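*Asks:* Provided herewith: data.cif, mmCIF, N, CA and C atoms.
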data_upload
loop_
_atom_site.group_PDB
_atom_site.id
_atom_site.type_symbol
_atom_site.label_atom_id
_atom_site.label_comp_id
_atom_site.auth_asym_id
_atom_site.auth_seq_id
_atom_site.Cartn_x
_atom_site.Cartn_y
_atom_site.Cartn_z
ATOM 1 N N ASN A 1 -22.038 -23.246 -149.880
ATOM 2 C CA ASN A 1 -22.482 -22.502 -148.708
ATOM 3 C C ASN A 1 -21.712 -22.940 -147.462
ATOM 4 N N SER A 2 -21.073 -21.992 -146.781
ATOM 5 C CA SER A 2 -20.238 -22.321 -145.626
ATOM 6 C C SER A 2 -20.484 -21.404 -144.433
ATOM 7 N N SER A 3 -20.338 -21.963 -143.232
ATOM 8 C CA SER A 3 -20.502 -21.220 -141.985
ATOM 9 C C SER A 3 -19.458 -21.662 -140.958
ATOM 10 N N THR A 4 -18.581 -20.745 -140.552
ATOM 11 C CA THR A 4 -17.458 -21.110 -139.684
ATOM 12 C C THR A 4 -17.449 -20.374 -138.345
ATOM 13 N N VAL A 5 -17.464 -21.127 -137.247
ATOM 14 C CA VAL A 5 -17.364 -20.549 -135.908
ATOM 15 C C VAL A 5 -15.981 -20.806 -135.308
ATOM 16 N N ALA A 6 -15.396 -19.790 -134.680
ATOM 17 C CA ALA A 6 -14.076 -19.925 -134.071
ATOM 18 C C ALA A 6 -14.012 -19.237 -132.704
ATOM 19 N N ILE A 7 -13.112 -19.706 -131.846
ATOM 20 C CA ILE A 7 -12.983 -19.169 -130.494
ATOM 21 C C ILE A 7 -11.542 -19.335 -129.993
ATOM 22 N N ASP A 8 -11.029 -18.320 -129.296
ATOM 23 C CA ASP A 8 -9.610 -18.259 -128.940
ATOM 24 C C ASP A 8 -9.355 -17.808 -127.502
ATOM 25 N N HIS A 9 -8.308 -18.361 -126.896
ATOM 26 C CA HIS A 9 -7.809 -17.901 -125.601
ATOM 27 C C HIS A 9 -6.336 -17.526 -125.720
ATOM 28 N N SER A 10 -5.920 -16.476 -125.015
ATOM 29 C CA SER A 10 -4.527 -16.039 -125.061
ATOM 30 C C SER A 10 -3.993 -15.620 -123.698
ATOM 31 N N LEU A 11 -2.877 -16.221 -123.297
ATOM 32 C CA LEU A 11 -2.085 -15.727 -122.176
ATOM 33 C C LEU A 11 -0.913 -14.914 -122.716
ATOM 34 N N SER A 12 -0.527 -13.857 -122.007
ATOM 35 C CA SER A 12 0.617 -13.049 -122.422
ATOM 36 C C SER A 12 1.357 -12.459 -121.231
ATOM 37 N N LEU A 13 2.505 -13.040 -120.894
ATOM 38 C CA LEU A 13 3.335 -12.513 -119.815
ATOM 39 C C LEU A 13 4.461 -11.646 -120.373
ATOM 40 N N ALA A 14 4.398 -10.342 -120.115
ATOM 41 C CA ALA A 14 5.392 -9.414 -120.644
ATOM 42 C C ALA A 14 6.239 -8.788 -119.540
ATOM 43 N N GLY A 15 7.504 -9.192 -119.461
ATOM 44 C CA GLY A 15 8.426 -8.634 -118.488
ATOM 45 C C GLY A 15 9.307 -7.554 -119.086
ATOM 46 N N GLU A 16 9.328 -6.383 -118.456
ATOM 47 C CA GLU A 16 10.120 -5.263 -118.959
ATOM 48 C C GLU A 16 11.038 -4.696 -117.879
ATOM 49 N N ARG A 17 12.261 -4.347 -118.269
ATOM 50 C CA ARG A 17 13.249 -3.826 -117.330
ATOM 51 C C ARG A 17 13.895 -2.562 -117.889
ATOM 52 N N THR A 18 13.577 -1.424 -117.278
ATOM 53 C CA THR A 18 14.024 -0.132 -117.787
ATOM 54 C C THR A 18 15.141 0.478 -116.940
ATOM 55 N N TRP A 19 16.141 1.035 -117.613
ATOM 56 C CA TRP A 19 17.159 1.857 -116.971
ATOM 57 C C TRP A 19 17.066 3.269 -117.545
ATOM 58 N N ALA A 20 17.373 4.273 -116.733
ATOM 59 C CA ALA A 20 17.292 5.662 -117.171
ATOM 60 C C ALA A 20 18.305 6.509 -116.417
ATOM 61 N N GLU A 21 18.723 7.611 -117.032
ATOM 62 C CA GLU A 21 19.791 8.438 -116.476
ATOM 63 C C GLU A 21 19.673 9.882 -116.959
ATOM 64 N N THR A 22 19.736 10.821 -116.020
ATOM 65 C CA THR A 22 19.435 12.224 -116.291
ATOM 66 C C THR A 22 20.537 13.156 -115.791
ATOM 67 N N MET A 23 20.852 14.183 -116.577
ATOM 68 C CA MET A 23 21.769 15.236 -116.144
ATOM 69 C C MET A 23 21.102 16.598 -116.284
ATOM 70 N N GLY A 24 20.782 17.224 -115.157
ATOM 71 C CA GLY A 24 20.197 18.553 -115.167
ATOM 72 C C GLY A 24 21.237 19.640 -114.958
ATOM 73 N N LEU A 25 20.960 20.823 -115.494
ATOM 74 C CA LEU A 25 21.903 21.935 -115.451
ATOM 75 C C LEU A 25 21.176 23.274 -115.524
ATOM 76 N N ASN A 26 21.809 24.322 -115.012
ATOM 77 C CA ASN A 26 21.289 25.673 -115.170
ATOM 78 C C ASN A 26 22.404 26.581 -115.667
ATOM 79 N N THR A 27 22.168 27.269 -116.776
ATOM 80 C CA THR A 27 23.245 27.954 -117.479
ATOM 81 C C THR A 27 23.724 29.214 -116.768
ATOM 82 N N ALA A 28 22.938 29.687 -115.806
ATOM 83 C CA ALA A 28 23.338 30.830 -114.994
ATOM 84 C C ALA A 28 24.156 30.398 -113.781
ATOM 85 N N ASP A 29 23.831 29.225 -113.247
ATOM 86 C CA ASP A 29 24.346 28.789 -111.952
ATOM 87 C C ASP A 29 25.163 27.506 -112.053
ATOM 88 N N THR A 30 25.853 27.322 -113.174
ATOM 89 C CA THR A 30 26.430 26.017 -113.478
ATOM 90 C C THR A 30 27.638 25.622 -112.637
ATOM 91 N N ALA A 31 28.336 26.576 -112.030
ATOM 92 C CA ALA A 31 29.485 26.175 -111.216
ATOM 93 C C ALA A 31 29.685 27.054 -109.993
ATOM 94 N N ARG A 32 30.281 26.481 -108.950
ATOM 95 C CA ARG A 32 30.521 27.216 -107.712
ATOM 96 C C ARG A 32 32.001 27.321 -107.393
ATOM 97 N N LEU A 33 32.478 28.553 -107.240
ATOM 98 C CA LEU A 33 33.882 28.794 -106.937
ATOM 99 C C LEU A 33 34.112 28.815 -105.440
ATOM 100 N N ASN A 34 35.193 28.170 -105.032
ATOM 101 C CA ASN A 34 35.634 28.168 -103.652
ATOM 102 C C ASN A 34 37.130 28.413 -103.659
ATOM 103 N N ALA A 35 37.528 29.632 -103.320
ATOM 104 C CA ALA A 35 38.930 30.002 -103.435
ATOM 105 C C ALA A 35 39.643 29.883 -102.097
ATOM 106 N N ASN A 36 40.633 29.003 -102.017
ATOM 107 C CA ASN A 36 41.504 29.018 -100.855
ATOM 108 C C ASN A 36 42.426 30.221 -100.972
ATOM 109 N N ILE A 37 42.553 30.978 -99.891
ATOM 110 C CA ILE A 37 43.358 32.189 -99.899
ATOM 111 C C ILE A 37 44.117 32.332 -98.594
ATOM 112 N N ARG A 38 45.108 33.216 -98.619
ATOM 113 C CA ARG A 38 45.942 33.493 -97.465
ATOM 114 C C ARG A 38 46.359 34.963 -97.504
ATOM 115 N N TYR A 39 46.325 35.624 -96.351
ATOM 116 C CA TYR A 39 46.691 37.036 -96.254
ATOM 117 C C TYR A 39 48.151 37.176 -95.876
ATOM 118 N N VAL A 40 48.811 38.200 -96.407
ATOM 119 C CA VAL A 40 50.178 38.520 -96.003
ATOM 120 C C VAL A 40 50.265 39.953 -95.528
ATOM 121 N N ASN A 41 51.068 40.210 -94.500
ATOM 122 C CA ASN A 41 51.350 41.605 -94.161
ATOM 123 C C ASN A 41 52.831 41.918 -94.286
ATOM 124 N N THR A 42 53.204 42.526 -95.407
ATOM 125 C CA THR A 42 54.600 42.851 -95.684
ATOM 126 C C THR A 42 54.985 44.237 -95.180
ATOM 127 N N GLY A 43 54.068 44.891 -94.479
ATOM 128 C CA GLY A 43 54.291 46.245 -94.007
ATOM 129 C C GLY A 43 55.058 46.288 -92.704
ATOM 130 N N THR A 44 54.852 47.354 -91.935
ATOM 131 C CA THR A 44 55.567 47.546 -90.682
ATOM 132 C C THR A 44 54.632 47.542 -89.469
ATOM 133 N N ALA A 45 53.400 48.003 -89.661
ATOM 134 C CA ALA A 45 52.375 47.915 -88.621
ATOM 135 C C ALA A 45 51.551 46.639 -88.756
ATOM 136 N N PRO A 46 51.007 46.139 -87.634
ATOM 137 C CA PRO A 46 49.956 45.111 -87.630
ATOM 138 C C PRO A 46 48.617 45.678 -88.091
ATOM 139 N N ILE A 47 47.732 44.843 -88.620
ATOM 140 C CA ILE A 47 46.375 45.297 -88.923
ATOM 141 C C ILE A 47 45.326 44.344 -88.334
ATOM 142 N N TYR A 48 44.288 44.909 -87.727
ATOM 143 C CA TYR A 48 43.316 44.117 -86.970
ATOM 144 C C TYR A 48 41.963 43.948 -87.662
ATOM 145 N N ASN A 49 41.338 42.793 -87.437
ATOM 146 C CA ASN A 49 40.036 42.465 -88.021
ATOM 147 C C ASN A 49 40.021 42.627 -89.532
ATOM 148 N N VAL A 50 41.062 42.116 -90.180
ATOM 149 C CA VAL A 50 41.236 42.293 -91.612
ATOM 150 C C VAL A 50 40.110 41.687 -92.444
ATOM 151 N N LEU A 51 39.592 42.481 -93.379
ATOM 152 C CA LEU A 51 38.567 42.044 -94.324
ATOM 153 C C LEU A 51 38.901 42.511 -95.737
ATOM 154 N N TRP B 1 32.888 79.641 -91.330
ATOM 155 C CA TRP B 1 33.913 78.737 -90.813
ATOM 156 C C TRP B 1 34.661 78.062 -91.956
ATOM 157 N N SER B 2 33.971 77.912 -93.080
ATOM 158 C CA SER B 2 34.605 77.618 -94.360
ATOM 159 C C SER B 2 33.990 78.505 -95.434
ATOM 160 N N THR B 3 34.822 79.298 -96.098
ATOM 161 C CA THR B 3 34.322 80.269 -97.058
ATOM 162 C C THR B 3 33.696 79.601 -98.278
ATOM 163 N N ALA B 4 34.237 78.458 -98.682
ATOM 164 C CA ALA B 4 33.741 77.781 -99.880
ATOM 165 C C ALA B 4 32.567 76.853 -99.578
ATOM 166 N N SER B 5 32.240 76.735 -98.290
ATOM 167 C CA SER B 5 31.158 75.892 -97.768
ATOM 168 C C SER B 5 31.526 74.406 -97.736
ATOM 169 N N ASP B 6 32.689 74.062 -98.280
ATOM 170 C CA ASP B 6 33.200 72.694 -98.205
ATOM 171 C C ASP B 6 33.646 72.403 -96.767
ATOM 172 N N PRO B 7 33.696 71.117 -96.366
ATOM 173 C CA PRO B 7 33.866 70.768 -94.951
ATOM 174 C C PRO B 7 35.285 70.919 -94.410
ATOM 175 N N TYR B 8 36.024 71.906 -94.894
ATOM 176 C CA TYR B 8 37.355 72.182 -94.375
ATOM 177 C C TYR B 8 37.492 73.661 -94.033
ATOM 178 N N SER B 9 37.813 73.961 -92.778
ATOM 179 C CA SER B 9 37.907 75.349 -92.332
ATOM 180 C C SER B 9 39.030 76.066 -93.052
ATOM 181 N N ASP B 10 38.894 77.381 -93.181
ATOM 182 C CA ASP B 10 39.881 78.175 -93.890
ATOM 183 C C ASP B 10 41.247 78.024 -93.238
ATOM 184 N N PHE B 11 41.243 77.885 -91.918
ATOM 185 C CA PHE B 11 42.469 77.658 -91.170
ATOM 186 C C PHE B 11 43.082 76.309 -91.525
ATOM 187 N N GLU B 12 42.251 75.270 -91.519
ATOM 188 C CA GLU B 12 42.709 73.921 -91.819
ATOM 189 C C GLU B 12 43.277 73.889 -93.221
ATOM 190 N N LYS B 13 42.669 74.675 -94.098
ATOM 191 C CA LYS B 13 43.068 74.697 -95.489
ATOM 192 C C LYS B 13 44.426 75.355 -95.665
ATOM 193 N N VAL B 14 44.553 76.604 -95.220
ATOM 194 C CA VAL B 14 45.812 77.328 -95.404
ATOM 195 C C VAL B 14 46.991 76.767 -94.606
ATOM 196 N N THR B 15 46.737 76.224 -93.417
ATOM 197 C CA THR B 15 47.833 75.695 -92.608
ATOM 198 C C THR B 15 48.205 74.256 -92.964
ATOM 199 N N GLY B 16 47.356 73.589 -93.738
ATOM 200 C CA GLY B 16 47.628 72.219 -94.136
ATOM 201 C C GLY B 16 47.193 71.163 -93.134
ATOM 202 N N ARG B 17 46.574 71.589 -92.037
ATOM 203 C CA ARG B 17 45.974 70.645 -91.098
ATOM 204 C C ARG B 17 44.677 70.125 -91.701
ATOM 205 N N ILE B 18 44.817 69.265 -92.701
ATOM 206 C CA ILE B 18 43.710 68.884 -93.557
ATOM 207 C C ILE B 18 43.927 67.468 -94.080
ATOM 208 N N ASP B 19 42.866 66.852 -94.586
ATOM 209 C CA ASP B 19 43.006 65.601 -95.308
ATOM 210 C C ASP B 19 43.978 65.846 -96.471
ATOM 211 N N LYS B 20 45.076 65.098 -96.494
ATOM 212 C CA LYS B 20 46.151 65.338 -97.454
ATOM 213 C C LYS B 20 45.743 65.062 -98.894
ATOM 214 N N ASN B 21 44.717 64.238 -99.081
ATOM 215 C CA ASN B 21 44.246 63.916 -100.423
ATOM 216 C C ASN B 21 43.617 65.111 -101.116
ATOM 217 N N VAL B 22 43.208 66.109 -100.333
ATOM 218 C CA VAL B 22 42.681 67.342 -100.906
ATOM 219 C C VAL B 22 43.722 67.987 -101.821
ATOM 220 N N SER B 23 43.401 68.099 -103.110
ATOM 221 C CA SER B 23 44.389 68.506 -104.109
ATOM 222 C C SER B 23 44.846 69.943 -103.859
ATOM 223 N N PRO B 24 46.125 70.238 -104.155
ATOM 224 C CA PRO B 24 46.755 71.481 -103.691
ATOM 225 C C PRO B 24 46.044 72.764 -104.123
ATOM 226 N N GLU B 25 45.456 72.794 -105.316
ATOM 227 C CA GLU B 25 44.769 74.004 -105.763
ATOM 228 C C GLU B 25 43.553 74.295 -104.894
ATOM 229 N N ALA B 26 43.004 73.253 -104.281
ATOM 230 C CA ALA B 26 41.863 73.414 -103.386
ATOM 231 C C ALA B 26 42.282 73.721 -101.949
ATOM 232 N N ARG B 27 43.587 73.784 -101.679
ATOM 233 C CA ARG B 27 44.047 74.217 -100.355
ATOM 234 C C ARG B 27 43.674 75.673 -100.094
ATOM 235 N N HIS B 28 43.551 76.448 -101.166
ATOM 236 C CA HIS B 28 43.168 77.850 -101.068
ATOM 237 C C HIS B 28 41.717 77.963 -100.600
ATOM 238 N N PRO B 29 41.447 78.857 -99.633
ATOM 239 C CA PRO B 29 40.135 78.979 -98.983
ATOM 240 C C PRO B 29 38.983 79.288 -99.933
ATOM 241 N N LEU B 30 39.258 80.006 -101.012
ATOM 242 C CA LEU B 30 38.213 80.397 -101.952
ATOM 243 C C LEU B 30 37.917 79.321 -102.994
ATOM 244 N N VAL B 31 38.683 78.238 -102.969
ATOM 245 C CA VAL B 31 38.465 77.132 -103.894
ATOM 246 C C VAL B 31 37.820 75.948 -103.184
ATOM 247 N N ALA B 32 36.621 75.577 -103.623
ATOM 248 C CA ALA B 32 35.876 74.486 -103.001
ATOM 249 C C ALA B 32 36.574 73.149 -103.196
ATOM 250 N N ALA B 33 36.619 72.347 -102.135
ATOM 251 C CA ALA B 33 37.190 71.007 -102.203
ATOM 252 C C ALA B 33 36.099 69.957 -102.068
ATOM 253 N N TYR B 34 35.676 69.388 -103.191
ATOM 254 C CA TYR B 34 34.625 68.374 -103.175
ATOM 255 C C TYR B 34 34.907 67.240 -104.156
ATOM 256 N N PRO B 35 34.523 66.012 -103.791
ATOM 257 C CA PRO B 35 34.586 64.859 -104.695
ATOM 258 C C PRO B 35 33.649 65.001 -105.885
ATOM 259 N N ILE B 36 34.048 64.464 -107.032
ATOM 260 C CA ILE B 36 33.145 64.317 -108.167
ATOM 261 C C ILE B 36 33.235 62.880 -108.647
ATOM 262 N N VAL B 37 32.274 62.060 -108.230
ATOM 263 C CA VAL B 37 32.351 60.619 -108.451
ATOM 264 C C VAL B 37 31.374 60.111 -109.493
ATOM 265 N N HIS B 38 31.891 59.665 -110.632
ATOM 266 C CA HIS B 38 31.046 59.024 -111.632
ATOM 267 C C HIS B 38 31.476 57.571 -111.818
ATOM 268 N N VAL B 39 30.505 56.698 -112.063
ATOM 269 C CA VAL B 39 30.784 55.294 -112.345
ATOM 270 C C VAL B 39 30.740 55.021 -113.835
ATOM 271 N N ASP B 40 31.762 54.359 -114.364
ATOM 272 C CA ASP B 40 31.666 53.878 -115.734
ATOM 273 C C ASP B 40 31.643 52.358 -115.733
ATOM 274 N N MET B 41 30.855 51.789 -116.634
ATOM 275 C CA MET B 41 30.675 50.347 -116.696
ATOM 276 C C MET B 41 31.565 49.758 -117.786
ATOM 277 N N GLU B 42 32.669 49.144 -117.376
ATOM 278 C CA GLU B 42 33.656 48.652 -118.323
ATOM 279 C C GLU B 42 33.103 47.562 -119.242
ATOM 280 N N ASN B 43 32.249 46.691 -118.706
ATOM 281 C CA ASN B 43 31.532 45.713 -119.532
ATOM 282 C C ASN B 43 30.373 45.060 -118.783
ATOM 283 N N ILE B 44 29.433 44.502 -119.537
ATOM 284 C CA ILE B 44 28.226 43.928 -118.955
ATOM 285 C C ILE B 44 28.088 42.449 -119.317
ATOM 286 N N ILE B 45 27.984 41.610 -118.291
ATOM 287 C CA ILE B 45 27.867 40.168 -118.468
ATOM 288 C C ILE B 45 26.460 39.656 -118.210
ATOM 289 N N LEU B 46 25.717 39.306 -119.254
ATOM 290 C CA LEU B 46 24.439 38.643 -119.008
ATOM 291 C C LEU B 46 24.613 37.135 -119.057
ATOM 292 N N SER B 47 23.915 36.444 -118.169
ATOM 293 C CA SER B 47 23.889 34.993 -118.201
ATOM 294 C C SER B 47 22.449 34.531 -118.294
ATOM 295 N N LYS B 48 22.119 33.805 -119.355
ATOM 296 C CA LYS B 48 20.740 33.387 -119.561
ATOM 297 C C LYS B 48 20.377 32.318 -118.537
ATOM 298 N N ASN B 49 19.259 32.528 -117.853
ATOM 299 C CA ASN B 49 18.843 31.624 -116.798
ATOM 300 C C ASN B 49 17.965 30.535 -117.388
ATOM 301 N N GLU B 50 18.602 29.483 -117.886
ATOM 302 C CA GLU B 50 17.895 28.442 -118.614
ATOM 303 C C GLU B 50 18.250 27.059 -118.095
ATOM 304 N N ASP B 51 17.230 26.275 -117.755
ATOM 305 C CA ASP B 51 17.449 24.893 -117.342
ATOM 306 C C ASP B 51 17.701 24.031 -118.564
#
Output the file's structure as structure tokens, nothing else.
*Replies:*
Amino acid sequence: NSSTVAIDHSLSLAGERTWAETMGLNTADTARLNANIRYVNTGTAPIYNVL
Amino acid sequence: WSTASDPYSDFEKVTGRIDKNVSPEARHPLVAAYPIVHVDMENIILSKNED
């Protein structure tokens, strides 16, 4: 015939260091064009307010 | 003032004092001079709007 009593204490220091990195995108709007341009007038008259 | 009801007077038509783009067969007063503008869609680009 046996009877056993037990008791416990525990400390636990857990240090965690997380890194994370995300790349978001939209398939309709994925890039923006910026065109450098220059106008030429090879004609004989000047032209005003050119668009 | 124009027999064909188009915006060019019979005088302007026969004498040639007219928009030059008006095709020659329509220079005649009894022939109506009007644009016929239809759009055709050469191709259609869908872009799925997805993140």
*Asks:* Would you mind telling me which residue in A:10, A:26, A:15, A:1 lies nearest to chain B when using all atoms listed in the file?
*Replies:*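 Of the candidates, the smallest distance to chain B is held by A:26.
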*Asks:* Between chain B and chain A, at 6.5 Å or less, what are the per-residue closest atom pairs and their distances in Å? Count all atoms listed in the file, order by chain and rising residue number, and return it as CSV.
*Replies:*
residue,atom,partner,partner_atom,distance
B:47,C,A:28,CA,5.0
B:48,C,A:28,N,4.6
B:49,CA,A:28,N,4.6
B:50,C,A:27,N,4.1
B:51,CA,A:25,C,4.5
*Asks:* Evaluate the PyMOL selection byres ((chain B and resi 7-13) around 8) and record the selected residues as a count of residues only, following the chain and residue labels used in the document.
*Replies:* 20
*Asks:* Grab the atom N of residue 33 (chain A) to atom C of residue 45 (chain B) distance for me, in Å with one decimal place.
*Replies:*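 Separation between atom N of residue 33 (chain A) and atom C of residue 45 (chain B): 16.7 Å.
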*Asks:* What gap, in Å, lies between CA of residue 31 (chain A) and CA of residue 46 (chain B)?
*Replies:*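 Spanning CA of residue 31 (chain A) to CA of residue 46 (chain B) is a straight-line distance of 15.5 Å.
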*Asks:* Give me, please, the distance in Å between CA of residue 47 (chain A) and CA of residue 22 (chain B), quoted to one decimal.
*Replies:*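 Taking CA of residue 47 (chain A) and CA of residue 22 (chain B), their separation equals 25.4 Å.
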